[PDB]
Amino acid sequence: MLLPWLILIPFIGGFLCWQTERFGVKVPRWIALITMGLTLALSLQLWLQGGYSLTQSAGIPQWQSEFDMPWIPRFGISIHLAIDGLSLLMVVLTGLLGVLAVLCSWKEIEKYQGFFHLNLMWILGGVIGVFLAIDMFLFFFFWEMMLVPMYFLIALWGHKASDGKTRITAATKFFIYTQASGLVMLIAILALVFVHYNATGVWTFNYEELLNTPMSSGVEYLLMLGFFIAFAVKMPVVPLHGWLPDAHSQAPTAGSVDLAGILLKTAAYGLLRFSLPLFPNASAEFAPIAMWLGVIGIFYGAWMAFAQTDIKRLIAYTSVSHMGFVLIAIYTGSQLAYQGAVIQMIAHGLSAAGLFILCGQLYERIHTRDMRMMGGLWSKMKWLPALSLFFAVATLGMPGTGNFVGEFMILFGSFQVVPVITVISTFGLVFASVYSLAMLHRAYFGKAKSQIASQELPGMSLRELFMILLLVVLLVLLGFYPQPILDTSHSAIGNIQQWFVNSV
Amino acid sequence: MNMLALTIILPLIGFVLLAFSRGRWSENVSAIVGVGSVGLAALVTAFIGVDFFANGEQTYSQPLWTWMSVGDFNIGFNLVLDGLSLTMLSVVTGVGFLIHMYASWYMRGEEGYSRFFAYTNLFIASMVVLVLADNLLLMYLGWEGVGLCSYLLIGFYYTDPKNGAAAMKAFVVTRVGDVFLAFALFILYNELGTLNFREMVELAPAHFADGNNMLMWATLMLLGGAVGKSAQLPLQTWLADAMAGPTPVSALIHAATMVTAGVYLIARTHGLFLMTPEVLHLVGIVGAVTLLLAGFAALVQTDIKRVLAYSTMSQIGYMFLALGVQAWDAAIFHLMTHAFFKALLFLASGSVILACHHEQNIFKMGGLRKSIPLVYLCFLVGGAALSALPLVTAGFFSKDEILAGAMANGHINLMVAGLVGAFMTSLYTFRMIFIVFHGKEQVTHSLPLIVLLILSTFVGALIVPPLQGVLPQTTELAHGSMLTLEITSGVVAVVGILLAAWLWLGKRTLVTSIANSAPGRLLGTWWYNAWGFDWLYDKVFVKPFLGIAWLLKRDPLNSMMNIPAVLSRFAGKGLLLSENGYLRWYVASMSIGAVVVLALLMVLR
Ligand SMILES: CCCCCCCCCCCCCCCCCC(=O)OC[C@H](COP(=O)(O)OCCN)OC(=O)CCCCCCCCCCCCCCCCC
Ligand SMILES: CCCCCCCCCCCCCCCCCC(=O)OC[C@H](COP(=O)(O)OCCN)OC(=O)CCCCCCCCCCCCCCCCC
Ligand SMILES: CCCCCCCCCCCCCCCCCC(=O)OC[C@H](COP(=O)(O)OCCN)OC(=O)CCCCCCCCCCCCCCCCC
Ligand SMILES: CCCCCCCCCCCCCCCCCC(=O)OC[C@H](COP(=O)(O)OCCN)OC(=O)CCCCCCCCCCCCCCCCC
Ligand SMILES: CCCCCCCCCCCCCCCCCC(=O)OC[C@H](COP(=O)(O)OCCN)OC(=O)CCCCCCCCCCCCCCCCC
Ligand SMILES: CCCCCCCCCCCCCCCCCCCC
């Protein structure tokens with residue numbers, strides 16, 4: 001009953017952000033902050049009232065909250081929302097990152113920031129709708145609707161230093177990748193719906209009804225492949241990753257676009273929620289290909305991150321490597337690896353958010369992103385290099401941060417299933433330590449390699465320090481006490497794992 | 001005894017306070033916070049030891065919370081304290097406290113005073129977590145924390161890029177070791193369903209009654225992690241470069257915390273190694289080979305810090321030899337005594353560096369006993385304990401215990417390697433001492449030096465680690481056998497010291513003749529670069545990594561997926577040639593399409 005408001009509060013808030021700009025140019029940021037705070041408060045209230053820790057695995061479907069409204073009854077299409085533990089964690093993370101994205105764009109007081117905040121809230125509402133929709137048409141609709149404000153934000157509000165043509169090219173490449181892969185997923189959805197209609201005789205896009213769809217081997221493989229192509233584009237999975245460092249490099253310099261609709265792992269959620277339960281046998285046969293794609297993603301992303309001279313592209317390739325770990329975890333069929341994947345998704349969201357916010361602040365201070373033009377920045381800044389050191393320590397999987405808990409539970413479950421892939425992935429952890437130390441030494445240690453890095457720089461303000469330290473506290477708490485997060489997602493992950501291994 | 005978590009919490013609080021102070025506080029306040037956190041940890045450790053001996057050396061378990069709980073995967077945030085844990089905790093807290101007072105004197109007037117003490121406090125907390133953990137994953141938390149603090153402290157002088165390169169190399173090599181340790185953890189959880197040390201030891205012989213292959217793999221990976229942290233073969237290449245940091249960093253790494261973690265890991269999981277005797281023999285062989293190679297490398301080093309680093313590698317090799325011959329008590333005894341005299345030697349070398357200009361070659365200085373006599377005495381008894389001078393040093397008793405344990409179990413070759421290594425140890429130690437301190441001239445820190453001075457004598461050997469009921473007892477030698485073993489070890493050490501005096505005290509004519517000789521120059525170049533292991537790892541791992549990075553820096557997969565875009569551009573440009581604007585061509589294309597449509601309809605009729 002609150003799930004429609006979880007989607008609608010961002011949309012009404014973005015409309016109010018656009019509408020309240022006539023009252024003043026410092027007004028829409030407050031409207032966006034109240035909007036995202038209300039969304040986060042509703043998500044936290046759903047967390048408190050859900051009783052997820054005491055919920056046991058009863059089998060798919062099992063929803064803690066549900067909402068249904070007819071939308072297109074001709075095709076059996078409904079606004080059908082449902083929340084359980086995994087989607088609840090994703091929605092809470094979306095609300096927190098949306099609050100951080102609003103707070104990070106606080107100083108942008110330009111003449112059209114009402115449209116900026118409207119696009120940000122529309123992206124966040126689309127992401128929440130992706131996490132909530134259990135109607136396949138509605139899920140696809142949210143999946144494709146949240147890319148238009150993404151395109152416009154990158155194209156018009158993006159990196160001001162670069163030429164407009166570069167921003168247009170990166171935005172267009174991202175949009176073509178995501179929307180073409182979404183259309184392939186729509187083809188798979190339509191063919192699954194038609195197979196179900198031929199088997200039974202009713203029109204349904206409901207994910208609960210489409211679970212019990214008898215189909216031959218080969219049809220199921222193709223439907224799985226369409227779903228996986230969409231998810232692999234947005235995860236990213238190599239070689240469908242090239243849009244991501246380009247989109248990150250041309251995103252708005254503060255990084256609200258980075259937090260709002262890139263660092264929320266809708267594709268891993270889609271693989272767990274839709275790909276494994278709808279096509280369990282096809283996913284079981286596809287598992288070696290997906291795991292080797294994850295291994296290639298880990299090492300390729302690590303090597304790409306090391307070779308970068310831009311910090312933003314470096315962090316984007318770190319995202320590629322960590323999503324390779326998550327992709328390995330998803331196809332194991334192990335409960336421990338799935339819980340590690342959930343922890344890894346949340347921790348990677350937090351740590352990459354901290355990294356991107358710190359990079360935006362560093363670019364505000366020194367007006368460049370090339371690491372060859374900096375060095376020795378530890379002696380010139382007050383807070384930024386130490387917090388960057390903490391977050392780089394987090395992305396190499398140091399214990400005490402949630403990233404270690406995530407990928408080590410992933411590797412424990414994966415070794416219980418697939419040992420060779422696991423040992424190669426742990427050498428991927430060595431590669432991760434290499435690229436994190438390389439970025440730290442190129443940016444903040446050594447001597448100044450240009451003139452901008454040789455002078456004292458203004459320190460972080462109270463707001464930026466507050467949000468970075470909140471991310472630090474959350475990452476440390478996830479590293480040392482991950483049990484509430486594991487208890488929240490335990491029932492949903494167990495349902496997905498039991499469905500995957502009991503139908504194969 | 002209930003204050004076991006305070007030994008972690010107080011260094012953690014010190015690290016947090018000194019990190020968030022950000023250098024705003026004065027040097028006295030920062031020194032008070034850091035040194036007092038480590039000192040309160042040491043005082044709590046002393047009270048814990050008194051309580052431990054009060055109830056008859058009973059193992060004390062203090063759980064705090066459950067770290068992870070996913071089905072059968074249960075990892076607890078639980079501390080445990082037995083005799084081995086108490087010995088390691090006492091060594092870490094006490095020696096770290098002495099090093100902290102010496103660093104409070106030493107680092108005065110330096111940039112990042114509070115940052116240095118925050119990093120050393122985090123180092124102390126990480127090592128206390130490592131030695132107090134009751135399961136392998138919490139010990140892995142301490143393992144990685146110790147590695148990270150080592151990386152932060154080696155490259156402490158961050159403005160010099162070579163300090164940062166040394167810190168990065170140390171972190172990367174130790175992380176390879178940590179990956180091997182992670183393999184051991186994965187195998188042990190997959191087999192026994194637990195990572196608790198006592199539970200794994202209990203459940204191992206019933207589970208591995210049919211086959212022992214996975215247990216051998218797990219112990220081999222445990223040894224890989226151990227040699228990663230302890231700088232043994234084949235992961236030993238980071239220590240001599242880790243000399244780039246400040247002197248108390250080297251004292252903490254080489255005496256208290258870092259290099260003893262592998263010895264503690266092998267001694268703690270001694271039951272699983274006892275069910276895999278070939279892997280335990282490999283532990284002993286790795287220790288013997290590492291101590292021989294490290295002694296030969298230390299023989300030809302021209303720097304005091306490099307000599308001390310390879311001497312640390314040799315002494316850790318002695319402890320690994322003791323572990324491999326099932327002399328566990330001797331290994332822990334030598335760990336504690338080596339912590340004492342190696343901390344003394346490193347603090348003395350730092351006083352030498354502070355007194356005589358900047359860091360220098362050993363041949364540049366000479367005749368330094370007259371100018372700086374107290375640190376010369378510190379170097380003298382530190383080298384006497386390192387070289388196992390008989391009946392006056394604790395190192396003699398520790399090395400004698402190791403060699404007696406090797407002889408009693410029939411490991412004659414390992415005992416011979418230990419005797420040869422002791423001869424080379426006396427050789428390189430008094431070569432460095434006689435070159436540096438003999439020849440022609442060219443209270444905050446006195447108290448730790450005095451305490452480590454006393455503990456490097458037989459007073460250090462008077463302390464017995466309470467390893468009753470934790471580690472199995474070594475087989476006792478016959479009285480005549482250990483008598484001639486003691487005489488042989490003392491004779492070998494004294495002969496090595498006398499040969500070093502005959503070779504380096506006076507006019508080094510034979511030494512310079514050997515060094516300038518072509519086989520001598522070749523062997524000296526080979527041993528100076530630590531037998532070419534750094535060169536081999538640079539050619540085998542670093543160079544292809546950098547080559548693949550340079551080859552991939554253009555993102556070839558992105559271009560391969562950009563190929564359809566250029567195909568679409570080319571096809572559109574080709575198709576736009578038909579729109580030439582000519583009406584007669586448009587009519588001709590309509591008639592061509594009519595012909596094609598009609599022919600297709602007649603073909604498929
Ligand atoms: C897993 C593989 C199978 C499933 C794939 C699913 C589809 C989604 C994922 C793959 C998408 C690949 C898209 C590749 C092009 C990306 C867009 C792009 O590069 O746009 C920028 C470019 C203009 O920029 P610029 O280079 O400056 O050109 C100026 C020219 N004067 O723009 C242009 O030059 C115009 C681009 C037009 C559109 C690109 C062509 C699309 C063709 C169909 C794509 C569907 C998949 C086909 C098979 C892919 C390979 C197997
Ligand atoms: C360029 C990007 C887009 C890619 C190109 C567009 C999609 C191409 C899809 C090719 C599909 C080839 C199918 C070949 C067999 C057709 C004849 C046949 O065997 O029909 C059987 C069955 C109808 O008989 P029925 O009684 O329903 O049988 C029960 C079996 N379920 O038939 C059925 O039940 C229907 C079977 C449908 C199979 C799925 C089709 C779509 C799958 C998702 C997209 C394709 C895969 C991902 C993209 C690939 C890379 C681009
Ligand atoms: C402008 C130029 C550039 C742009 C355009 C580029 C080209 C666009 C079009 C690309 C896609 C081409 C068509 C791909 C689908 C082919 C489907 C097919 O051949 O199906 C045959 C068969 C159908 O199943 P059937 O045997 O009828 O089942 C009943 C029996 N149990 O199928 C089977 O029996 C099972 C077959 C499984 C595999 C079929 C799909 C292969 C896809 C290859 C690429 C993806 C590989 C995996 C993922 C890698 C990572 C993304
Ligand atoms: C369980 C026992 C231990 C077991 C092993 C644990 C190992 C993993 C630990 C993970 C934590 C990160 C470790 C590395 C952090 C490095 C931070 C750093 O360098 O801080 C020093 C810096 C002050 O240095 P300085 O140069 O004087 O000042 C800068 C400019 N003036 O400091 C600053 O500038 C200010 C502080 C910056 C951030 C400090 C670290 C933040 C994370 C730890 C505290 C989190 C908050 C505490 C509460 C958590 C939730 C309960
Ligand atoms: C018999 C074998 C037994 C096992 C042996 C294991 C050996 C492990 C590797 C030892 C060597 C590690 C050296 C690390 C040096 C780091 C410091 C350094 O040199 O940094 C330079 C560079 C910094 O990067 P940047 O800032 O871009 O450059 C500035 C200009 N210098 O940074 C770099 O150049 C970074 C280079 C990173 C190279 C990483 C290689 C990792 C390889 C792991 C292999 C594991 C194998 C396990 C066993 C397999 C058996 C089949
Ligand atoms: C979605 C964002 C998640 C951020 C990380 C949160 C990690 C869990 C933190 C829970 C609180 C830990 C400290 C208090 C423990 C209280 C224990 C009560 C029962 C004894």
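FYI, side chains are in, hydrogens and waters are out, and symmetry mates aren't considered; it's all heavy atoms of this structure. Letters A, B, ... mirror the listed sequences (proteins, then strands); counts begin at 1.
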Between [X] and [Y], is any pair of side-chain heavy atoms under 4.5 Å apart?
X	Y	value
B:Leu233	B:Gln236	yes
A:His241	B:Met561	no
B:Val179	B:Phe183	yes
A:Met371	A:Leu314	yes
A:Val405	A:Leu478	no
A:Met235	A:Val326	yes
A:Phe306	B:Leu546	yes
A:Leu350	A:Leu93	yes

Where do [X] and [Y] come nearest, in terms of heavy atoms and distance?
X	Y	result
A:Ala316	A:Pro245	CB-CA, 3.8 Å
B:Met258	B:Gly147	CE-CA, 4.4 Å
B:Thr237	B:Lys169	O-NZ, 3.1 Å
A:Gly242	A:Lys173	O-NZ, 3.4 Å
A:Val342	A:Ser489	CG1-OG, 3.9 Å
A:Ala170	A:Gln250	CB-CG, 3.6 Å

When you measure from the side chain of [X] to the backbone N and O of [Y], does any donor-acceptor pair fall under 3.5 Å?
X	Y	value
A:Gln339	A:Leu486	yes
A:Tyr363	A:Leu358	no
B:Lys553	A:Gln308	no
A:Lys312	A:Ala247	no
B:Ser559	B:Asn562	no
A:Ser414	A:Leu411	no
B:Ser150	B:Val146	no
A:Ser321	A:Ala302	yes
A:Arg369	A:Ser249	yes
A:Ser433	A:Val430	yes

Relative to each other, are the rings of [X] and [Y] parallel, tilted or perpendicular (30° and 60° limits)?
X	Y	value
A:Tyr269	A:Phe131	perpendicular
B:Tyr158	A:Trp378	tilted
A:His322	A:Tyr435	perpendicular
A:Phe445	A:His441	perpendicular
B:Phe171	B:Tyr151	tilted
B:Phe545	A:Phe431	perpendicular

Out of curiosity, [X] [atom1] to [Y] [atom2], how far, rounded to the nearest 0.5 Å?
X	Y	atom1	atom2	value
A:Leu147	A:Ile154	CG	CD1	10.0 Å
A:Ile421	A:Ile328	CD1	CD1	7.0 Å
A:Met224	A:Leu276	CE	CG	10.5 Å
B:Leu141	B:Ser126	CG	OG	7.5 Å
A:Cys359	A:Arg313	SG	CZ	12.5 Å
A:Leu384	A:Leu387	CG	CG	7.0 Å

Quiz item: Any ion pair linking A:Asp370 and A:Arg372 (charged N to carboxylate O, less than 4.0 Å)?
Solution: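 So A:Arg372 pairs with A:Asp370 through a salt bridge.
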Quiz item: So does B:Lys162 pair up with B:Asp241, basic N to acidic O under 4.0 Å?
Solution: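 Looking at B:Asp241 together with B:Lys162, the answer is no, because their closest N to O distance does not fall below 4.0 Å.
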Would you kindly say whether [X] and [Y] are connected by a side-chain donor-acceptor distance under 3.5 Å?
X	Y	result
A:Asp258	A:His248	yes
A:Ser351	A:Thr395	no
B:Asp178	B:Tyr140	no
A:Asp246	A:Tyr177	no
A:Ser388	A:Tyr444	yes

Practice problem: Determine, stepwise, if the pair B:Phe73 / B:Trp67 fulfils ring-ring contact (aromatic ring centres under 6.0 Å, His included). | Solution: CA-CA 10 Å; B:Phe73 187 77; B:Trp67 199 7; 9.4 Å; no
Self-check item: side chain to side chain contact (heavy atoms under 4.5 Å, CB included) between A:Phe390 and A:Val476, intermediate numbers included
Solution: CA-CA 10 Å; A:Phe390 168 77; A:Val476 168; 3.7 Å; yes
Exercise. Indicate, with yes or no, if the rings of A:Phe412 and B:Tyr189 have centres closer together than 6.0 Å.
Key: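 So the answer is yes for these two rings.
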Self-check item: Near-ring test A:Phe228/A:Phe279, centroid separation under 6.0 angstrom
Solution: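 No; A:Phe228 has its ring centre 6.0 Å or more from that of A:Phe279.
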Self-check item: Derivation of the side chain to side chain contact (heavy atoms under 4.5 Å, CB included) call for A:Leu396 and A:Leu429
Solution: CA-CA 7 Å; A:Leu396 58 94; A:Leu429 303 185; over 6 Å; no
Practice problem: Report the C-alpha separation of A:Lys234 and A:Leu244 in whole Å, then their side-chain angles, then the decisive distance to 0.1 Å, and conclude whether the side chain to side chain contact (heavy atoms under 4.5 Å, CB included) test is met. | Solution: CA-CA 9 Å; A:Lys234 198 126 100 183; A:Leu244 182 90; over 6 Å; no
Quiz prompt | Within 6.0 angstrom of B:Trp535 CH2, more than 12 heavy atoms from elsewhere | solution =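 Counting neighbours around CH2 of B:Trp535, 12 or fewer heavy atoms of other residues, nucleotides or ligands fall under 6.0 Å, so no.
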Practice problem: Please assess B:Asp555 against A:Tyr300 for the test side chain to side chain donor-acceptor pair (under 3.5 Å), listing each intermediate value before the final yes or no. | Solution: CA-CA 9 Å; B:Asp555 207 338; A:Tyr300 192 84; 2.3 Å; yes
Practice problem: Check step by step if side chain to side chain contact (heavy atoms under 4.5 Å, CB included) holds for B:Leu557 and A:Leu240. | Solution: CA-CA 8 Å; B:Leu557 301 182; A:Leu240 317 169; over 6 Å; no
Practice problem: Check step by step if ring-ring contact (aromatic ring centres under 6.0 Å, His included) holds for A:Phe325 and A:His348. | Solution: CA-CA 11 Å; A:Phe325 276 103; A:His348 183 263; over 10 Å; no
